[PDB]
Amino acid sequence: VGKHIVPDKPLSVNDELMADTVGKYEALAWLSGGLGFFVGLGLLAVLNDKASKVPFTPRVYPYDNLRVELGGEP
Amino acid sequence: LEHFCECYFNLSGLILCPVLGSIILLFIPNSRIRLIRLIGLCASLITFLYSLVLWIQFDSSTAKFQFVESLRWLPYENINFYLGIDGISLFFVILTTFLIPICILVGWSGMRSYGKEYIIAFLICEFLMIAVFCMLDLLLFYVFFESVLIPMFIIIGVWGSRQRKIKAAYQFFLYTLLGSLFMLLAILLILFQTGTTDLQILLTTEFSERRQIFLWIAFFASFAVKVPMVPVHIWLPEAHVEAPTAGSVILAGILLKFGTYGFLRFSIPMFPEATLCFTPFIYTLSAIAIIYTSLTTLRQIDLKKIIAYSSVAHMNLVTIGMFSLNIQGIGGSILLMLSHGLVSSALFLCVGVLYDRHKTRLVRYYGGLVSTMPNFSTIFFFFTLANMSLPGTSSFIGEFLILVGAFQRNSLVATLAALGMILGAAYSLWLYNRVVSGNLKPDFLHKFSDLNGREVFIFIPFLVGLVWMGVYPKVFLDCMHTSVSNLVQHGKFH
Amino acid sequence: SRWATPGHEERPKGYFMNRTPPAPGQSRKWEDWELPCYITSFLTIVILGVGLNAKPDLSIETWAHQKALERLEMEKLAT
Amino acid sequence: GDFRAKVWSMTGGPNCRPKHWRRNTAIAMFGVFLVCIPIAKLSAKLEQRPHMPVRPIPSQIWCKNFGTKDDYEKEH
Amino acid sequence: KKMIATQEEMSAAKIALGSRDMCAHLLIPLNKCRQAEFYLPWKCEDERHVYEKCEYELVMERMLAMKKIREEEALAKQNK
Amino acid sequence: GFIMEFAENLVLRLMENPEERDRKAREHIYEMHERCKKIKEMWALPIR
Amino acid sequence: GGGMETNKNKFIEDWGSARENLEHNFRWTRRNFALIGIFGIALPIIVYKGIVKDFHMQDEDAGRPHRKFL
Amino acid sequence: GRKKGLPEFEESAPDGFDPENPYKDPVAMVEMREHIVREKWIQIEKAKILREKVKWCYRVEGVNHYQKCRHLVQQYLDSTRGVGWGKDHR
Ligand SMILES: CCCCCCCCCCCCCCCCCCCC(=O)O[C@H](COC(=O)CCCCCCCCCCCCCC)COP(=O)(O)OCCN
């Protein structure tokens, strides 16, 4: 807006293309820890084996579990 | 055998039109600038209307060649040459005839200094390129393709902007001539077997799997230079940037299509077994070209250099489509060839509009142009969207049909080719926003003019064609299906 | 007040295609390219819009569709 | 600003206040309605309603494609 | 609890396949009323209550069945 | 009279006769497959 | 003040011309050898082997021998 | 001039083509290629007609489509295996 800066020094090669307090690999490590939280929660859910404590038997539909209505051989 | 066609409008008269224009212009004094301008423009427009008529009389049910007519070189009649089109070459004739008047119109303002030589060169180019697209003979395809080198050389060298045009013209001529000589070698090897160069006969002869391998390589050496395929693509940025605006339009919109036309017209049907054997090779080369060239495009700082690199990625997608060897693949390859010929030409025209006023190609000088040139900004945005294959535009049809064709053969090649959707968006939007968006920089540019009437009119048919192919590609695909189907089936009988 | 008090632009800002208007009562002078290009555009519209809709439908799809119908009929009615 | 008053655009540029904007708005509304008439006719012609509605519906006044797809075996 | 609604009735009423259970003979009147009343929640209250009681009983029977199986898992464990 | 019926008739008059177009196509091949032998005999003529 | 032509900046033009003449700077260094070996030979070979395997995996999925190539 | 009407072709495969040696009668070879292309388009047009049946059965039968469309779905999927020039050879 105000006054675009007109260069007075030689431009670098990568000037067409040119997050402040944390480092690069440190940020990668923090984010990896954050995702390892999700991994640990998934492993905990595996260890929980909630599927083995379901409090009802599986549903059973009539007419041979709706075989014909689901596209089976009539 | 005289194969003279019944139709009144035929191919020979469409060949003769720009020739007669050039002869007439040879003799008119350079002082009569208005007469020269009008005569050239009218010859080109009449040729365009003639090609449109040729589209109406076209029969979209046959796999044969149409309007076939013959052309008799010696009284011995051993060597007699044929012209004819089909559903793969028709729209390329139309595109050539359409682009040439655009080229004459782009240089309308500077014609007082351009002279009649500019119009004569472009008319000669038109005659040679229409001939090339209309030839049913390998040897005349060769002769008419090499001939365009002379006027193209002159066009780049004389009316290019700066002294880099020297190197650009040298490289264009030498690369193209090397490829052409390779394909001459292939033509002679074929002739030694068959005793002929007539395309129709070669479509009905059987080549050994071994003889096919060698002949395919010798065709590939021309065509890959023409496409261009990596790593013989480096002549293209130099030549397409240093050329004048209309020269760039002809180079990108027509001349680039000759390699893919050669692949469609001679290599795939004449040597189907070699075509099968080389398919992984072609897939690899094209996928490497798309990724690497798109990423190079991302880091270019010159307007014309960005638009020129974009064409390498688009043509290698075309090659993937045509070597998929099915309806989606070949249909999409042809449609993308035509759409690219419109879109890249319009983009070169936009950059030329900017260069004629400001005389710089460096992106950093521009910026904030939306506030001084809103009409140019809107048109530039539209063609930027078309270059990203936005659905609704013509390029999306060909792009998606090619991805369909590739996926049915090899899912990996389709996956590598679909990465272009991400990279082309990136560079196209970055270019547009650095040129048009932001603030003005008055220390570089402070005086502006939006498009005049001539420039708006020039853009109108490109917009109409892009939208028309984008929303209703049936008009084109209906005239092509029989030819495409017979190309896909050639060499097999089940 | 923006809805009840008329605007102030008696004439719009800018000139369409950046051409200054002709002197009052006069007409703009057409450049040499205008008439040939406009006549070509009109002829293009007429030729395509009439001939494309007037040309026979010869597409392989249309011929095969009619052929497919009659073969499904000939096989359905007969066994 | 200052130079933008000399810049022509289709959308009108900044702070666009055409003097006759009310009459122009009315003309635009009449144009949109006229354009909408053929669109409505084509839509009514093209609509396909395989199922009779539970209660009468407005589209039954103008659309005559209710309960026509029952013999889908003959579709082509 | 035996199946009352036939296959023909459930197809004619267009029941979502997952609601073709033992309680469908009550779903049919409930859905007829729901359609007639624009699916208003203060409407169809008797039909909805009857259908939901049926579904609740179905779930309760599958809960008691699972309660029986889980007390034989323990029988196996204490006899091993 | 009607524009389109005239246009139908005009476009059909412009077009190749499909029967004749497909028949000269057969004569070229039949004549070229059996005509491809004459010239190759001259290339085998001894220079001595 | 006068003209639509851009007022050139010497550093911007130096940057552009340096971009246009990069080939004069190539030295066969260690980094360049690695970059050409990885991206100019190895990666294309890996992609080619991927495409071919894709066809061979299709071939064995259809109960057919491996299609010969190249 | 083209007479008015749809294009006409021979119903039959050309007499003169030998599948053992197809590069023996060039004219018959070209005619056989065109005939095969036409036959392939007839199979594509058949699969497209069967697709219109499925489309409408789904739409008309709603939640009963699984049991009502079953035969149409089977017919369409059989016609689509080895159709045109897609993922199936012959
Ligand atoms: C499976 C292989 C397929 C074919 C590939 C090509 C052939 C294989 C590779 C050959 C390698 C030859 C030996 C190279 C290593 C030795 C290095 C010695 C030291 C050295 O730096 O010598 C340089 C020699 O470079 C040279 O002589 C350059 C070496 C040749 C490079 C070949 C590049 C191939 C194309 C790349 C891909 C293109 C397409 C990508 C899509 C010159 O050193 P200096 O001191 O002059 O340096 C400038 C300093 N001021």
Side-chain angles (χ1 to χ4, degrees), chain A residues 37-74, chain D residues 50-55, chain E, chain H residues 57-71 73:
Chain A
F37 174 58
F38 289 137
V39 159
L41 206 76
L43 304 165
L44 265 160
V46 163
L47 271 206
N48 199 36
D49 195 6
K50 200 182 155 144
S52 77
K53 330 150 172 153
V54 50
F56 43 80
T57 62
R59 291 186 171 189
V60 174
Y61 283 83
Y63 302 107
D64 184 36
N65 251 292
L66 304 167
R67 177 195 85 256
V68 178
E69 295 75 19
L70 276 171
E73 223 277 0
Chain D
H51 288 323
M52 292 311 282
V54 290
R55 47 181 81 75
Chain E
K1 295 180 182 297
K2 302 319 179 22
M3 191 75 189
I4 289 150
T6 75
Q7 273 148 322
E8 169 280 311
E9 290 153 25
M10 285 186 300
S11 285
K14 280 143 80 150
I15 318 302
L17 294 183
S19 297
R20 300 188 173 183
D21 64 20
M22 296 267 132
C23 291
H25 64 288
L26 308 154
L27 187 48
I28 298 174
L30 165 66
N31 270 351
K32 253 182 271 303
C33 178
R34 275 203 277 229
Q35 273 195 330
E37 313 299 287
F38 301 95
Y39 299 84
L40 299 187
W42 59 86
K43 289 271 164 175
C44 303
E45 219 76 48
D46 298 340
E47 280 91 5
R48 184 182 298 115
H49 286 165
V50 169
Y51 176 72
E52 293 170 350
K53 182 191 216 323
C54 185
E55 291 278 321
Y56 166 92
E57 294 162 64
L58 271 203
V59 184
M60 287 312 120
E61 307 166 293
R62 283 172 48 221
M63 293 189 75
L64 276 99
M66 182 51 79
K67 183 178 179 180
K68 270 188 55 53
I69 283 153
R70 286 314 187 215
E71 285 144 4
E72 303 282 353
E73 293 177 350
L75 227 64
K77 268 169 290 182
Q78 259 61 273
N79 299 4
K80 268 178 59 269
Chain H
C57 181
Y58 189 88
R59 288 167 181 194
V60 160
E61 306 286 11
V63 298
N64 305 317
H65 78 83
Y66 280 124
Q67 147 173 51
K68 299 296 183 181
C69 313
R70 170 161 212 270
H71 75 241
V73 167

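Lettering of chains follows the sequences in order, A, B, ..., and the numbering in each one begins at 1.
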Kindly indicate whether the side chain of [X], heavy atoms from C-beta on, has any atom under 4.5 Å from the side chain of [Y].
{"X": "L26(E)", "Y": "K53(E)", "result": "no"}
{"X": "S11(E)", "Y": "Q67(H)", "result": "yes"}
{"X": "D21(E)", "Y": "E55(E)", "result": "yes"}

So which heavy atom on [X] is nearest to which on [Y], and how close?
{"X": "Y61(A)", "Y": "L17(E)", "answer": "CE2-O, 4.2 Å"}
{"X": "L70(A)", "Y": "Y66(H)", "answer": "C-CB, 3.9 Å"}
{"X": "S19(E)", "Y": "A24(E)", "answer": "O-CB, 3.9 Å"}
{"X": "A5(E)", "Y": "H25(E)", "answer": "CB-N, 3.8 Å"}
{"X": "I28(E)", "Y": "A13(E)", "answer": "CG1-CB, 3.9 Å"}
{"X": "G18(E)", "Y": "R59(A)", "answer": "O-NH1, 3.8 Å"}

[X] (side chain) donor-acceptor with [Y] (main chain) under 3.5 angstrom:
{"X": "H51(D)", "Y": "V60(H)", "answer": "yes"}
{"X": "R48(E)", "Y": "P41(E)", "answer": "yes"}
{"X": "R70(H)", "Y": "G72(A)", "answer": "yes"}
{"X": "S52(A)", "Y": "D49(A)", "answer": "yes"}

Exercise. Roughly how far, to the nearest 0.5 Å, is the SG atom of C54(E) from the CE atom of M22(E)?
Worked result: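 Going from the CE atom of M22(E) to the SG atom of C54(E) covers 9.5 Å.
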| said: What's the separation between atom OH in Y51(E) and atom CZ in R34(E), rounded to the nearest 0.5 Å? | reply: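 So the gap between those two atoms works out to 7.5 Å.
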All side chain to side chain donor-acceptor pair (under 3.5 Å) counterparts of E52(E), not counting sequence neighbours |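 None.
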Electrostatic pair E69(A):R20(E) at N-O distance under 4.0 angstrom: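 Between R20(E) and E69(A) there is no salt bridge, as every charged N stays at least 4.0 Å from the carboxylate O atoms.
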